[PDB]
Amino acid sequence: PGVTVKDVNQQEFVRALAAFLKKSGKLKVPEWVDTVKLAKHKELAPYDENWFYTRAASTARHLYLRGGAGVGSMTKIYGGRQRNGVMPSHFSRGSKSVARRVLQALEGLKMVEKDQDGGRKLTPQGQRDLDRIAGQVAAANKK
Amino acid sequence: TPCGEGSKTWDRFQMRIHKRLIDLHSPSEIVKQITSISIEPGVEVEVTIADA
Amino acid sequence: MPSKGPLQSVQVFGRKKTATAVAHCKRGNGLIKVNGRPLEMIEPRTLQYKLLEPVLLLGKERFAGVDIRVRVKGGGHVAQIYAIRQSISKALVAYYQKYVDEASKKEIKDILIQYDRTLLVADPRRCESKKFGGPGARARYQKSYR
Amino acid sequence: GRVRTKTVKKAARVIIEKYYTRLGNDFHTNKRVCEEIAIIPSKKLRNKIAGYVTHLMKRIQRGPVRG
Amino acid sequence: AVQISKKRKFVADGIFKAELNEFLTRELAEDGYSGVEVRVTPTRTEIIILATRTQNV
Amino acid sequence: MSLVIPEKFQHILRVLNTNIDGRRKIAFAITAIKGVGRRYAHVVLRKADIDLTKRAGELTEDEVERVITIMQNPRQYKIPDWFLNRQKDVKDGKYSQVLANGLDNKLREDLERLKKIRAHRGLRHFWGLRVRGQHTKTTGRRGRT
Amino acid sequence: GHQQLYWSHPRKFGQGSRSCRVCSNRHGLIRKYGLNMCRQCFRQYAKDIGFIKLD
Amino acid sequence: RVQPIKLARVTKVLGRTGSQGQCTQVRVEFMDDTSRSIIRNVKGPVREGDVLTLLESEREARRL
Amino acid sequence: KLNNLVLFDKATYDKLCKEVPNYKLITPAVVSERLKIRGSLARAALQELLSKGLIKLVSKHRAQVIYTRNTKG
Amino acid sequence: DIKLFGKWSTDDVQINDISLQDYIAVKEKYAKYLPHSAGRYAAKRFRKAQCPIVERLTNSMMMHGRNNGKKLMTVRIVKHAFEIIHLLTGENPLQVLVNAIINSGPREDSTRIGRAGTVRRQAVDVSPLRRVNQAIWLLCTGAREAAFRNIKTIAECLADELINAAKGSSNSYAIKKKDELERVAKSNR
RNA sequence: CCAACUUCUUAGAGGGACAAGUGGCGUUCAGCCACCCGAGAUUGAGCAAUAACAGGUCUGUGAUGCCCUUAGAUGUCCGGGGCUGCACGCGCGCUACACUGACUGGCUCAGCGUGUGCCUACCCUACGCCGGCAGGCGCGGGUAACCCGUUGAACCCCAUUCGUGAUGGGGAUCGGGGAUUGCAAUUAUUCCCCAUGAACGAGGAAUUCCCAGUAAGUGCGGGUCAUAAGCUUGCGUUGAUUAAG
Ligand SMILES: [Mg+2]
Ligand SMILES: [Mg+2]
């Protein structure tokens, strides 16, 4: 029936929504996308070469759940634990200018808008089609 | 300790400050005599501005 | 539309170390979800049976007249699934002493007491502070002599 | 760790010596009487005195205790 | 000017209270000092000594 | 996809002066080169447009040439300027990644340069001492006798 | 003297400028909450401050 | 020579022993008669009334 | 007591496809010590036997993938 | 009836030794869905016997500090290891565990502080809870030291020793080492 | 009044648990051991005697005796240097020696607390726009249950890659570069990037802390603080094996 996104397995909802954005080639992928390392608390490149779609799928889905989220809060949700070598490990922030380039990318895709206060929310155009593929991938659990 | 000699003792001071808050829709002239009910050396009272 | 049976519901909390979960449960038709998402679709899923455990040894079709939904705050991933396990157990337990007889409540508490009492009693143990001479609450730094 | 101090035992003996006409073998009744009839500075030794009173209630209904 | 926070309100008046207690110890020791007690008002503030020989002060 | 093996498989290759193992995979096979780290190796391959999951002895000699050609002068294959070893080198002013015995050339050259003008860094290289301001009262014991 | 460079080193940031209002020391002083008292100094007046211990 | 590995139920526990508080004297009964009962010593936590299994039954108890 | 080999020869691959779908427990930790392959292929080759239809999957956990023999009778 | 980890009901399982029927808690009063419960067992003694052994097998598995509080990580170690067991055997895996509890728990050991013959001298018996404690400690240790430098998973190396210990062959560590306890207890018997 | 209410939250008052009830033991004394009801049948810390130590601290103090020195001053200020110098020995402690892992990507959870100053400059930072990263700007908010912040903490969880190899374990050492603090960064302040890839395979005698939300893992916040934690003092999270002698 009416199935939204909250009642779907959301590790692989991202795997659904990134597969949508790859075939819908309307995403402004930056030119430095293959030399990125993704938030300096990790020491290798991203393993998957088209990582920017599953970052865009993930940064859109949290932005559905959290209004007003800016680039500063998006670095507080993709951050992880930096091992400092011989010193004790610490949490570190995410990467700013890859979270900026993905929010500007969705703005050209018309699934996010700015707000009255600081930050970004998503337009009703935005949620009406990630609930559409939410219904598909919940059907694809059976299919 | 004043000095470094000892067996690593520590005294933990603290100060717990309480604070309460009350609204009134009074005419703002008779709040001066409500302040002037008592001196009460322990408390710290403040009246918000009457411009709402 | 409030036309039939206005606010026939209870709201019952249950607690874990540094956590709570209050289950709002009305009269309805078999609907259970936690922060919006269903009970089998919860995050840990290795502990999947022990948050749908009040469903299991009570009965789905029997006790589906209620529309439990839970909001959870504070704690961690294991303490927040013992919190909702305790809550929705004692939510419909507290629902039957109000709207039907307690003959049924004692009939369902009979299950939930011979089977691991913690489903509707709060686990009392808490953080138990660290002291000023060690790295933890009982332990001390390594004493040396020479 | 149960064992009761000298001031709990002493002050409870002066109740049962003096207000035996008002007491019984219920804890929650005598807990209210010793609140009203003695001046207890805090609640923990209020109901710690009153427990030794009711222990003295079954004790003196049998025979000649220091009574 | 701008007013400072309630945490540093309450350590400012205590270190006000601690400071004049140290001076009025040094002055009134030969005149039986025995403490002070303060009243802050949004007016004239009133400070009372607790001297024994109030004739000498 | 190799259910058995193709017809040619190099046990060891021969790259600049280092013979890389052939049973590794190419993201981690060419890291034996002094100058090709774990990080620089993946970046060269993505500009070489190769599949990262292929093993080492199953590249043809065009691929082996094209990987060596990119990592020799990556400054024109759109690898950025603070990703290389010799950023703004103190003898020539250029940007270069160094990968060979020439890595150890420019490694030792800075030692003997500071040893020549007798800077305090070069004096602690001429001795057996620490350079980066470590203590020495209690550590670094089993370098000296 | 010769006032151009008598006191010319900048007492600014750092423990060359923080001092005890009460004791006049520069070591161990507590700049939390604007106290600026010597830690050895802090114990005396802590009852006069309004800092009780546990009891 | 070859003995049955016999099980035996305990009567009253005779307190700790063993110079570190490690051994408990138990006085087992041999499950076929309560008239046959030897005093022996086990280590570990006991719980009066349970059953423990002797690898070999009659050697020695604590007496100097 | 040291190095095994990746990228199967013919002598192991026909030896794989004859008896490795037969016995009862089958896991990448098994064939990377019962054969002379080292692993990473134990995962790769035993994945694609599930694609053929020679074995059955049970677990599919990130730390432990468990297969078995197929239905005989 | 309750089907520990969703399957493998606990009705067919039978404890053969009468010495351990009061201490292995597999029966229906103490049978749960999965081994995770808020413990409260070292408040008062002798309630760690009506703690179920699947809970005590998954609590004694997180040992060496680097994986010390990771209980949701060892509850899947036992979850898969029952399933490896059911494939090599075809038994209800609760039964093949409680054979290994019988088979690996010792019967004699020794204690002295004085003038040590080999290690300890006066060979004493064992209470029938220490032989459960030294059953699961002997299983969890021997499954662990045999997977420290190994391609074999700790899940399979757990499974492949206790069906090797339930049969009893001195090929698991819990059997080949426990015999050294009873040997050296005979050596000062 | 274009709704009510206090379950959740923050308190305040009073309640509640006393070994009371019930068996057993005990001079049927104190009390102990069991249970039922119960949130709880020993929560955790503070203060803490008499008499002393030739214990420590005159470098914490306009607490102080006596001595020394007092202008070519042991006062004080300023510039540099040292307190970090290393053939070695010892004591706290961090990271490890890997596959119960490391990566890479998903995914969902905290609590204690602190924040712009009399002198005294400098605070916590949202959001936007530049930067591949540290960072750089524009623009707000907060003297605080008003904002950062619903503090999207880490481990754990799920999928990926790696396969018993000193290996993608481990990240010491060392070269080149980019930024921030500052009057000044050299004897590297810190941070960032590439590269370099050392011992180390669970550690002899000896020895330390601990028995329930305990040990331990894991991060977080105070202090120090212009810059800053491998230290300390607090927090939560995950959570036990053994033991009632
Ligand atoms: Mg001094
Ligand atoms: Mg290994």
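Values in this text are rule-based calculations from the coordinates and carry no lab data. FYI the Cβ positions are ideal-geometry reconstructions off the backbone, even for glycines, and counts take in every protein chain you see.
If I filter segment J:44-63 for residues that are within 14 Å of chain C (Cβ to nearest Cβ), out of contact with any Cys (no Cβ under 6 Å at 6 or more places or on another chain) and among the small types (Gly, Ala, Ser), do I get at least one hit?
Among the residues of segment J:44-63, not one is within 14 Å of chain C (Cβ to nearest Cβ), out of contact with any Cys (no Cβ under 6 Å at 6 or more places or on another chain) and among the small types (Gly, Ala, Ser), which makes the answer no.
Could you check segment H:26-64 and list, in sequence order, the residues that are more than 10 Å from chain J (Cβ to nearest Cβ), outside any loop (DSSP other than H, G, I, E, B) and either within 18 Å of J:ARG189 (Cβ to Cβ) or of a type in the set (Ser, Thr, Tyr) (or both)?
Hits for segment H:26-64: nothing passes.
How many residues does segment A:6-27 hold that are within 14 Å of the chain's Cα centre (by Cα) and part of a loop (DSSP other than H, G, I, E, B)? Please lay out each step first, then the result.
Going residue by residue through segment A:6-27, those that are within 14 Å of the chain's Cα centre (by Cα) are A:10-22, A:27.
Retained after the next criterion (residues that are part of a loop (DSSP other than H, G, I, E, B)): A:10-12, A:27.
Result for segment A:6-27: 4.
Which condition breaks for C:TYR82 when tested against (1) touching a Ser or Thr at 6+ places or on another chain (Cβ under 9 Å); (2) without any contact (Cβ under 8 Å) to a residue 40 or more places away in the chain; (3) among the hydroxyl-bearing types (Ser, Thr, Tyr)?
Checking C:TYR82 against (1) touching a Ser or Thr at 6+ places or on another chain (Cβ under 9 Å); (2) without any contact (Cβ under 8 Å) to a residue 40 or more places away in the chain; (3) among the hydroxyl-bearing types (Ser, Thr, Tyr), the one that fails is (2).
Testing C:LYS4 on (1) surrounded by 14 or more Cβ atoms within 10 Å (Cβ to Cβ); (2) assigned to a loop (DSSP other than H, G, I, E, B); (3) of a type outside the set (A, V, I, L, M), one condition comes back false. Which one is that?
All conditions are met except number (1).
Answer with yes or no whether F:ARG130 is more than 16 Å from ligand 2 (Cβ to nearest atom), part of a loop (DSSP other than H, G, I, E, B) and over 16 Å from the mean Cα position of the chain (by Cα).
Working: more than 16 Å from ligand 2 (Cβ to nearest atom): yes; part of a loop (DSSP other than H, G, I, E, B): yes; over 16 Å from the mean Cα position of the chain (by Cα): yes.
Taking the combined requirement at face value, the residue satisfies it.
How many residues does segment E:1-28 hold that are closer than 29 Å to E:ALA51 by Cβ and not in a helix (DSSP H, G or I)? Explain how you work it out, then say what you get.
First pass over segment E:1-28, keeping only residues closer than 29 Å to E:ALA51 by Cβ: E:10-28.
This time we only want the ones that are not in a helix (DSSP H, G or I), so: E:11.
The number of residues fulfilling the criteria is 1.
Mind checking which pairs have a first residue in segment J:86-108 that is within 13 Å of another protein chain (Cβ to nearest Cβ) and without any contact (Cβ under 8 Å) to a residue 24 or more places away in the chain and a second that is assigned to a helix (DSSP H, G or I) and buried (at least 20 other Cβ atoms within 10 Å of the Cβ), Cβ under 8 Å, 6 or more apart or different chains?
J:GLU91/J:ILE85
Any residue at all in segment E:22-45 that's among the small types (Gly, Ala, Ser), at positive phi, within 11 Å of chain G (Cβ to nearest Cβ) and without any contact (Cβ under 8 Å) to a residue 60 or more places away in the chain?
The answer is yes, given that some residue of segment E:22-45 is among the small types (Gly, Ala, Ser), at positive phi, within 11 Å of chain G (Cβ to nearest Cβ) and without any contact (Cβ under 8 Å) to a residue 60 or more places away in the chain.
Quick check: anything in segment J:131-147 within 13 Å of another protein chain (Cβ to nearest Cβ) and within 16 Å of ligand 2 (Cβ to nearest atom)?
If we filter segment J:131-147 for residues that are within 13 Å of another protein chain (Cβ to nearest Cβ), which is where we start, we get J:131-135, J:137, J:146-147.
Cutting the leftovers down to within 16 Å of ligand 2 (Cβ to nearest atom) gives us J:146-147.
Among the residues of segment J:131-147, at least one is within 13 Å of another protein chain (Cβ to nearest Cβ) and within 16 Å of ligand 2 (Cβ to nearest atom), which makes the answer yes.
Would you mention how many residues in segment C:20-47 are in contact (Cβ under 8 Å) with a residue 24 or more places away in the chain and among the hydroxyl-bearing types (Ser, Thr, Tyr)?
1
Could you tell me which residue of segment J:125-150 is nearest to ligand 1 (Cβ to nearest atom), considering only residues that are more than 10 Å from the chain's Cα centre (by Cα) and in contact (Cβ under 8 Å) with a residue 40 or more places away in the chain?
So, considering only residues that are more than 10 Å from the chain's Cα centre (by Cα) and in contact (Cβ under 8 Å) with a residue 40 or more places away in the chain, the one nearest to ligand 1 (Cβ to nearest atom) is J:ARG144.
Would you be able to say whether some residue in segment B:25-47 is within 14 Å of chain C (Cβ to nearest Cβ), more than 16 Å from ligand 2 (Cβ to nearest atom) and basic (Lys, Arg)? It would help to see each step written out before you state the result.
Pass one, segment B:25-47, residues within 14 Å of chain C (Cβ to nearest Cβ): none.
Checked against the condition, which is being within 14 Å of chain C (Cβ to nearest Cβ), more than 16 Å from ligand 2 (Cβ to nearest atom) and basic (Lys, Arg), segment B:25-47 yields no hits at all.
Can you tell me how many residues in segment F:13-46 are within 19 Å of A:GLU43 (Cα to Cα) and over 15 Å from the mean Cα position of the chain (by Cα)?
Residues meeting the conditions: 2.
Looking at segment J:18-39, which of its residues are closer than 25 Å to J:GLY6 by Cα, in a loop (DSSP other than H, G, I, E, B) and within 11 Å of another protein chain (Cβ to nearest Cβ)? It would help to see each step written out before you state the result.
Our first condition is that a residue be closer than 25 Å to J:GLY6 by Cα; within segment J:18-39, this holds for J:21, J:23-39.
Then drop every residue that is not in a loop (DSSP other than H, G, I, E, B), which leaves J:21, J:23-27, J:31-39.
The answer is J:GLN21, J:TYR23, J:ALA31, J:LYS32, J:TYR33, J:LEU34, J:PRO35, J:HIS36, J:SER37, J:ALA38, J:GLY39.
Considering only residues that are of a type in the set (S, T, N, Q) and in a helix (DSSP H, G or I), look in segment B:26-50 and name the one that is surrounded by the most Cβ atoms within 10 Å (Cβ to Cβ).
It comes out as B:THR35.
Filter segment C:37-85 down to the residues that are among the aromatic types (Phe, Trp, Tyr) and within 11 Å of chain J (Cβ to nearest Cβ), then identify the one that is nearest to A:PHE13 (Cα to Cα).
Here the answer is C:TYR49.
Is it true that some residue in segment J:97-111 is assigned to a helix (DSSP H, G or I), within 30 Å of I:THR71 (Cα to Cα) and over 15 Å from the mean Cα position of the chain (by Cα)?
no
Scan segment J:56-75 for residues that are free of Cβ contacts under 8 Å to residues at least 40 places away in the same chain and within 30 Å of I:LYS56 (Cα to Cα) and jot them down.
Answer for segment J:56-75, where residues must be free of Cβ contacts under 8 Å to residues at least 40 places away in the same chain and within 30 Å of I:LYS56 (Cα to Cα): J:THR58, J:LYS71, J:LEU72, J:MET73, J:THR74.
From the list J:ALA143, J:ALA159, J:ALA155, which residue is more than 30 Å from H:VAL26 (Cα to Cα), within 15 Å of RNA strand K (Cβ to nearest atom) and in contact with a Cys (Cβ under 7 Å, 6 or more places away or on another chain)? First the steps, then the outcome.
Working: J:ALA159 fails: in contact with a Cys (Cβ under 7 Å, 6 or more places away or on another chain); J:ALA155 fails: in contact with a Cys (Cβ under 7 Å, 6 or more places away or on another chain).
Going through J:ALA143, J:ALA159, J:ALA155 in turn, the sole match is J:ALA143.
How many of the residues making up segment J:155-189 are more than 15 Å from the chain's Cα centre (by Cα) and within 16 Å of ligand 2 (Cβ to nearest atom)?
Count: 1.
So that you can scan it fast, the table gives a plain yes or no per residue for (1) surrounded by fewer than 10 Cβ atoms within 10 Å (Cβ to Cβ); (2) in a loop (DSSP other than H, G, I, E, B); (3) charged (D, E, K, R):
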site	(1), (2), (3)
B:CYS3	yes, yes, no
B:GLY6	yes, yes, no
B:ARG16	yes, yes, yes
B:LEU21	yes, yes, no
B:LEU24	no, yes, no
B:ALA52	yes, yes, no
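Could you list, in sequence order, the residues of segment H:20-38 that are exposed (fewer than 11 other Cβ atoms within 10 Å of the Cβ) and on the phi > 0 side of the Ramachandran plot?
H:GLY21 - this is the single residue of segment H:20-38 that is exposed (fewer than 11 other Cβ atoms within 10 Å of the Cβ) and on the phi > 0 side of the Ramachandran plot.
Rundown of residues vs (1) within 12 Å of chain B (Cβ to nearest Cβ); (2) within 16 Å of ligand 1 (Cβ to nearest atom); (3) closer than 24 Å to B:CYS3 by Cα; (4) without any contact (Cβ under 8 Å) to a residue 12 or more places away in the chain, yes/no style:
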{"site": "G:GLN4", "(1), (2), (3), (4)": "no, no, no, yes"}
{"site": "G:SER8", "(1), (2), (3), (4)": "no, no, no, yes"}
{"site": "G:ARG18", "(1), (2), (3), (4)": "no, no, yes, no"}
{"site": "G:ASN25", "(1), (2), (3), (4)": "yes, yes, yes, no"}
{"site": "G:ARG31", "(1), (2), (3), (4)": "no, no, yes, no"}
{"site": "G:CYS41", "(1), (2), (3), (4)": "yes, yes, yes, no"}
{"site": "G:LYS53", "(1), (2), (3), (4)": "yes, no, yes, yes"}
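For segment I:18-73: of the residues being within 9 Å of another protein chain (Cβ to nearest Cβ), touching a helix residue (DSSP H, G or I) at 6+ places or on another chain (Cβ under 7 Å) and assigned to a helix (DSSP H, G or I), which is nearest to F:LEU3 (Cα to Cα)?
So the residue we want is I:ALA45.
Residue under question is C:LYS106, and the condition is that it be more than 23 Å from C:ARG37 (Cβ to Cβ), within 14 Å of chain B (Cβ to nearest Cβ) and not in a strand (DSSP E or B); does it hold?
For C:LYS106, the condition - more than 23 Å from C:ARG37 (Cβ to Cβ), within 14 Å of chain B (Cβ to nearest Cβ) and not in a strand (DSSP E or B) - is not met.
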